[PDB]
Amino acid sequence: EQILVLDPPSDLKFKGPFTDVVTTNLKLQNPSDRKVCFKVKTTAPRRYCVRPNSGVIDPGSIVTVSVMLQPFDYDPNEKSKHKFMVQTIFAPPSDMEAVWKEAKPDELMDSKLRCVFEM
Amino acid sequence: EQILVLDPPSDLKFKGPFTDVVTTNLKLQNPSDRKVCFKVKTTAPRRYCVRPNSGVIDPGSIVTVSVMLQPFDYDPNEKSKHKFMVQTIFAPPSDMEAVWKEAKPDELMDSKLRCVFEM
Amino acid sequence: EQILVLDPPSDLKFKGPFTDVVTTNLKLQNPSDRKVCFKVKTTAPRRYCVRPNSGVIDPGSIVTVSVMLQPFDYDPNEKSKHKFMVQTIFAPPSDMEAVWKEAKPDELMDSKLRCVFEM
Amino acid sequence: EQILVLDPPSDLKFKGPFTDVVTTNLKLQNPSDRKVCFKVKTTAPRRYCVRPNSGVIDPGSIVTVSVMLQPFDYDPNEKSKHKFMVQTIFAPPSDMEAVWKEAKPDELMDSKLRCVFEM
Amino acid sequence: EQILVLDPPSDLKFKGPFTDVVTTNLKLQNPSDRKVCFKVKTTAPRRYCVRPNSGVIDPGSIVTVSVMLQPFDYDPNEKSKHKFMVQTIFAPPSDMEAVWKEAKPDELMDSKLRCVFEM
Amino acid sequence: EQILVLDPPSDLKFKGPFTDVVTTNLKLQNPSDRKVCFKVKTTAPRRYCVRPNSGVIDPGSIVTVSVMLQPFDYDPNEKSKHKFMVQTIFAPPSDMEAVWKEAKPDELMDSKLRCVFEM
Amino acid sequence: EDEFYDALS
Amino acid sequence: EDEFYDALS
Amino acid sequence: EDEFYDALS
Amino acid sequence: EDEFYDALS
Amino acid sequence: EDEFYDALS
Amino acid sequence: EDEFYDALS
């Protein structure tokens, strides 16, 4: 199960107009006694900038991730199909590449969030 | 003179309420034929997250910087004294630390922006 | 060790000018008696389109991946730092997402290629 | 009338030698206020890989299609008879099969392109 | 409803070994008082040759379509996901392209066959 | 002399039972630097379907012809007197009728194949 | 699910 | 004249 | 001896 | 169904 | 050193 | 007057 606590836990809302970049924030809280590594993935990678898109969260700490929806012609009739995934693993004791490739599938935790466009 | 073109060029506006993080975007366009390095500074470093706070912009390219005003008790009667500075230098041919320490003050270009809080 | 045979095995060469998209081809041959899954990764994801960026290669078969370098201002004096990784796994017996998340790091095979820009 | 704007609009040029795959790019721009679906067809399906061979283009957006001419013994004296067709329809509100079978012939838009081989 | 009678009506069987081309036959009988046009489609176009892949069947007549499975490394444990579709329309009173494009979707009839590999 | 290489070079084998259509394949490879036109003929035209019964083979290319022996009452004691002929000519620079009638008899190349029925 | 393509000859 | 087929990918 | 005819398709 | 890619920054 | 990301298509 | 500090990310 996911160790991190996400606010919002499951739907990311974005408020228009969308003639400019619209940011929504994702709070990642680590309530646990261990460092936790995270990486953000999306079903629509061209459509968003995510900053940071990965990192490490110290025990007890919180990191707020900025999710930047790129501008587009908004169809108030089309409901978003976009999703995000926050993948996590407890931090091992140099390199973050090496960390993800070494990770056993049993170690990995995911949260998924659905995006929602409101006007 | 500053080589990059900034949108907005001089005032960064932040729209309340401010019970949550409020983001504004700073577009940095490099119209020139040379790579340009940048670093962001502020008079109020505890009050903001800036992502990216530094980087390099390819000739012809554009980077949008996310400026995240941290939550606070907003006094509609206090006008903000906060400022930002975007410092730039033409990119030299490994390490960005080495880049900024080697920079001659004649090489350095600055833009300043004043923050503005609206409701 | 990598099961697929790559032509080219290690450097991908891109011929200018670069005022338009420039494609190079990567041949992925499966000499083995088993299906093989592949995914392509890059150090510079905004700079390239890769088609297909993943798939499955039947025993005996060959797939040619198109690597499309996006247009840019070329500095003949800057040598490319870009790299690609072709990650592979033998094919298991519905869904490719499920396939990658179930992969043990011991099962995974990578090839790395260096990009090279010539005029 | 075709809603998409095509660059090139009418002739696709392929530059030899042809001892390897030769790619040309077809830009499909959607200037309109509606999503547009597209499918590519050819008079010589064994001679070409097209990636993507179909898809959807958001209002305002642009997709560049890669047309990969397969290797062959080139007769500089034979001029190509090959053609391409880009068929389009405005996007309806699940499945792209269902989309094309439901399409009324009055809804369908075509552009034809002639292939051209240069050395 | 499909007007033609197909033998076999729903499963196309192919008998190995598959180190050579393996052909199975599809009989299309037109029991009706009108000419019927037909076109064959597949989910796996690289894997098969179909001869003829389209045509017209006179009232009262029968045409036998040859479905040629291309050679491959056979996995007795993989069951085939391939399907075929025979699409039909009653014959209008020159050109077959113009015939398919003019067709209303209400006019079109499909039969689907699932492929089966036996040894 | 025949320019095409035929596999099989000289006997076409058909494997019973013959209560249904039985197909054998004839591979026609053009090793030369010129297009080659072909037409298939038989001593028993009512007994066979041949697909394609004529066409053109690009330099360096290969076409596989499907030879479909129609059903019949097989006398395992009657040996087949049927023959095929593949006639060929180098391709001239519109109409394939015009091509065969313009052909000088010195230009024409023939291969003959004997049919063989096995059980 | 199934994407059908014109069969080739 | 020209018979168009779905392009392969 | 052998009379060859165009093959039918 | 849903294919997840690494988010870009 | 090198951070690899899923390639986009 | 204004003392500028490196912004934090």
# chains A, B, ... in the order shown; residues from 1 in each chain; ligands from 1
>>> residues_around(residues="region 8-23 of chain C", least_positions_apart="2", cutoff="8 Å", atoms="only C-alpha atoms", output="number ranges by chain")
C: 5-6, 25-27, 66-74, 111-119; D: 23, 25
>>> write_last_selection(atoms="N, CA and C atoms", output="compact mmCIF listing (two decimals), in the first residue's frame")
# COMPACT_ATOMS: atom_id res chain seq x y z
N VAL C 5 19.73 -7.75 -31.17
CA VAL C 5 20.87 -7.22 -31.92
C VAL C 5 20.41 -5.88 -32.56
N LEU C 6 21.19 -4.81 -32.32
CA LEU C 6 20.87 -3.40 -32.71
C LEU C 6 21.78 -3.00 -33.81
N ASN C 25 17.36 5.72 -38.21
CA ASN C 25 16.73 4.46 -37.93
C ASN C 25 17.53 3.52 -37.03
N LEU C 26 16.81 2.86 -36.14
CA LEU C 26 17.36 1.90 -35.29
C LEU C 26 16.70 0.55 -35.56
N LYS C 27 17.51 -0.41 -36.04
CA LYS C 27 17.02 -1.75 -36.35
C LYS C 27 17.17 -2.63 -35.09
N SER C 66 11.96 4.47 -35.76
CA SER C 66 12.31 5.73 -36.28
C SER C 66 12.57 6.80 -35.17
N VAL C 67 13.76 7.39 -35.19
CA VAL C 67 14.19 8.38 -34.17
C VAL C 67 14.27 9.71 -34.88
N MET C 68 13.37 10.60 -34.52
CA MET C 68 13.12 11.87 -35.14
C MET C 68 13.57 13.02 -34.27
N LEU C 69 14.71 13.56 -34.67
CA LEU C 69 15.28 14.75 -34.05
C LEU C 69 14.58 16.01 -34.51
N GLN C 70 14.00 16.66 -33.53
CA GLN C 70 13.28 17.86 -33.64
C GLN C 70 14.19 19.03 -34.05
N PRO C 71 13.62 20.00 -34.81
CA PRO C 71 14.52 21.07 -35.33
C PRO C 71 15.03 21.95 -34.25
N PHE C 72 16.22 22.46 -34.48
CA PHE C 72 16.92 23.29 -33.55
C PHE C 72 18.04 24.09 -34.26
N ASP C 73 18.46 25.13 -33.58
CA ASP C 73 19.73 25.89 -33.85
C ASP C 73 21.03 25.07 -33.51
N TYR C 74 21.65 24.45 -34.51
CA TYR C 74 22.80 23.50 -34.41
C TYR C 74 24.14 24.22 -34.15
N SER C 111 20.24 -1.75 -23.75
CA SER C 111 21.29 -1.27 -24.53
C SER C 111 21.28 0.24 -24.44
N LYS C 112 22.44 0.84 -24.53
CA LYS C 112 22.59 2.29 -24.54
C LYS C 112 23.24 2.67 -25.86
N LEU C 113 22.76 3.75 -26.42
CA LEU C 113 23.35 4.38 -27.55
C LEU C 113 23.59 5.82 -27.29
N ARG C 114 24.67 6.28 -27.88
CA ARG C 114 25.10 7.66 -27.85
C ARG C 114 24.56 8.29 -29.14
N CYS C 115 24.01 9.50 -29.09
CA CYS C 115 23.67 10.26 -30.32
C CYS C 115 24.88 11.02 -30.79
N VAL C 116 25.00 11.13 -32.13
CA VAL C 116 26.06 11.88 -32.82
C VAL C 116 25.45 12.74 -33.92
N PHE C 117 25.74 14.04 -33.86
CA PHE C 117 25.35 15.01 -34.89
C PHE C 117 26.55 15.32 -35.87
N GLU C 118 26.30 15.07 -37.16
CA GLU C 118 27.29 15.30 -38.28
C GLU C 118 26.63 16.30 -39.25
N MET C 119 27.44 16.99 -40.06
CA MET C 119 26.93 17.86 -41.13
C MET C 119 27.46 17.40 -42.47
N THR D 23 13.14 8.61 -45.02
CA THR D 23 11.96 9.12 -44.40
C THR D 23 11.70 10.53 -44.94
N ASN D 25 8.66 13.69 -44.05
CA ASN D 25 7.70 14.12 -43.08
C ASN D 25 6.51 14.85 -43.69
>>> select_by_dssp(residues="chain D", states="strand (DSSP E or B)", output="PyMOL selection string")
chain D and resi 5-7+11-15+22-29+36-42+48-51+54-57+62-69+83-90+109-118
>>> interface_residues(of="chain H", to="chain G", cutoff="9 Å", atoms="only C-alpha atoms", output="VMD selection string")
chain H and resid 5 to 8
>>> atom_distance(atom1="CA of residue 108 (chain B)", atom2="CA of residue 76 (chain C)")
25.3 Å
>>> closest_atom_pairs(of="chain C", to="chain E", cutoff="8 Å", atoms="only C-alpha atoms", output="tab-separated table")
residue	atom	partner	partner_atom	distance
C:33	CA	E:73	CA	7.6
C:59	CA	E:73	CA	6.3
C:60	CA	E:73	CA	7.1
C:93	CA	E:78	CA	7.4
>>> write_last_selection(atoms="N, CA and C atoms", output="PDB file, in the first residue's frame")
ATOM      1  N   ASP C  33      14.514 -17.487 -29.748  1.00  0.00           N
ATOM      2  CA  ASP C  33      13.318 -18.355 -29.990  1.00  0.00           C
ATOM      3  C   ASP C  33      12.093 -17.885 -29.198  1.00  0.00           C
ATOM      4  N   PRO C  59       9.760 -14.022 -32.273  1.00  0.00           N
ATOM      5  CA  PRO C  59      11.034 -14.644 -32.512  1.00  0.00           C
ATOM      6  C   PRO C  59      11.375 -14.571 -33.972  1.00  0.00           C
ATOM      7  N   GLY C  60      12.658 -14.357 -34.250  1.00  0.00           N
ATOM      8  CA  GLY C  60      13.189 -14.299 -35.613  1.00  0.00           C
ATOM      9  C   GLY C  60      13.067 -12.979 -36.362  1.00  0.00           C
ATOM     10  N   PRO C  93       3.446 -14.495 -21.206  1.00  0.00           N
ATOM     11  CA  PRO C  93       2.390 -15.104 -22.036  1.00  0.00           C
ATOM     12  C   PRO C  93       1.391 -14.142 -22.601  1.00  0.00           C
TER      13      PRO C  93
END
>>> select_by_dssp(residues="chain E", states="helix (DSSP H, G or I)", output="MDAnalysis selection string")
chainID E and resid 45:47 96:102 105:107
>>> atom_distance(atom1="CA of residue 83 (chain A)", atom2="CA of residue 44 (chain A)")
7.6 Å
>>> atom_distance(atom1="CA of residue 45 (chain A)", atom2="CA of residue 52 (chain D)")
17.4 Å
>>> interface_residues(of="chain A", to="chain K", cutoff="10 Å", atoms="only C-alpha atoms", output="list in words")
residues 41, 44, 45, 46, 94, 95, 96, 97 and 98 of chain A
>>> residues_around(residues="residue 55 (chain A)", least_positions_apart="4", cutoff="10 Å", atoms="only C-alpha atoms", output="VMD selection string")
chain A and resid 36 to 40 51 63 65 88 96
